[PDB]
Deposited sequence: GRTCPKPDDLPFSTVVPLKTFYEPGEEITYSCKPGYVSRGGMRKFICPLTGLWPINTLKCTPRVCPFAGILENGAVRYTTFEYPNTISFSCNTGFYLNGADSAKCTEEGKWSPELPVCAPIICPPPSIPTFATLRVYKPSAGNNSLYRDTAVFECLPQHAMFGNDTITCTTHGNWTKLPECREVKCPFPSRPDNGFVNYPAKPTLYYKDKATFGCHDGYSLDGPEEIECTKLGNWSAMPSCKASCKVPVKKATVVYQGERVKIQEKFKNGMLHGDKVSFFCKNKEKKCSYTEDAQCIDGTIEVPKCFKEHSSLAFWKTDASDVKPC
């Protein structure tokens, strides 16, 4: 008495009907699992009187999808293009993914969804701002522009721009923030005492209009010779003419800008309103020299208290403390 045993379990297959034993004459069918294929197709077998199932040539392997390793202007992540497998897509910079970023090989051996393509990122022609003009801009894609392209607006006269003057085509197909462009007037600048001021002869003064200053002979400027009307409606600065100082002493050696100078030579025509110098004083306890600062401020400069006129030895010739 001979039955056939439970059939062998082959990779990626099913048997039907699966029983634990078979009478001679019964039939089984081997089929590859979905997504798998094997040469020769199904195998049918009849359980023979010997009870021994015959050799099984069946060799199930995963269906293979069409080759998809080359995404023009992009990159595919894959191991193999077999049935269960999934593949990923991305694009090189300047390109976008037109389609799904992932795809699977199906039981039918197709890619699902359909493989994407990489397309160049494009911006439409940029909008020009009110009271603005386009200085430089040329389209590199017909009437449209490509990624990282730029345009810049110069704002037309008497108008001040707010925000960067250049716009860029971003990775999304749009431009960066546009500049705003308003008109700005400034008041007339105040004439300084002991000085003069020069500005254009016209009823109203606008942005980047320049007024220039000057001082009379005993005075110099508190600030810049030239100013201009700014974005905010005030001026760069508003300088005064301050008074120079007469040299305090007749003969002295002082420190002016890190160098030691003779004050009657360096300032033979007076000290200007900025000018600061350092006088030399004697520490009698330690028998050495030190300095103390003094600055011309609107016609006044005060010599330090410790200064005994360079008229022992001069303070400036004594060793430092």
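- Absence of C-alpha coordinates is noted for just one segment of the deposited sequence, namely 312-316.
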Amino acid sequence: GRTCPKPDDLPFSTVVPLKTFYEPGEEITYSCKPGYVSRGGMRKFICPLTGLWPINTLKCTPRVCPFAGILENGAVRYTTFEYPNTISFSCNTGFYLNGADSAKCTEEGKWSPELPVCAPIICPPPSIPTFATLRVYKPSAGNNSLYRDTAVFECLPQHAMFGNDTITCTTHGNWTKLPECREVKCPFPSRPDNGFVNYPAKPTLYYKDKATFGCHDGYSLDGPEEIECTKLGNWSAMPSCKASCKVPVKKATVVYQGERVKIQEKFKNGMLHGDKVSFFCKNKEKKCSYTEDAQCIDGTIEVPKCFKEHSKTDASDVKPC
From here on, numbers count along this sequence of modelled residues.
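Only the largest set of C-alpha atoms that superpose within 1.5 Å between the two forms is called the rigid core.
- When the other structures are laid on the shown form by the rigid core, the stretch among 170-178 and 187-195 with the greater C-alpha deviation in 6 other deposited structures of this protein turns out to be 170-178.
- With 30-38 and 48-56 as candidates, the stretch whose CA atoms show the greater average offset from this form in 6 other deposited structures of this protein after a core fit is 48-56.
- Between the stretches 105-113 and 198-206, it is 198-206 that shows the larger average CA temperature factor.
- The mean C-alpha temperature factor is higher for 284-292 when 284-292 and 51-59 are set side by side.
- For the set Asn73, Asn85, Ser140, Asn98, the maximum C-alpha B-factor listed in the entry falls on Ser140.
- Of the candidates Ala119, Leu146, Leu156, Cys241, the PDB record gives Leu156 the highest C-alpha temperature factor.
- Per-chain ranking of the deposited C-alpha B factor places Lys177 in the highest third.
- Ranked by C-alpha B-factor against the other modelled residues of its chain, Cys4 falls in the lowest third.
- Among all modelled residues in its chain, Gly218 ranks in the lowest third by Cα B-factor.
- Among all modelled residues in this chain, the alpha-carbon of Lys262 has a temperature factor (C-alpha) in the middle third.
- Per the PDB record, residue ranking by Cα B-factor puts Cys91 in the lowest third of the chain.
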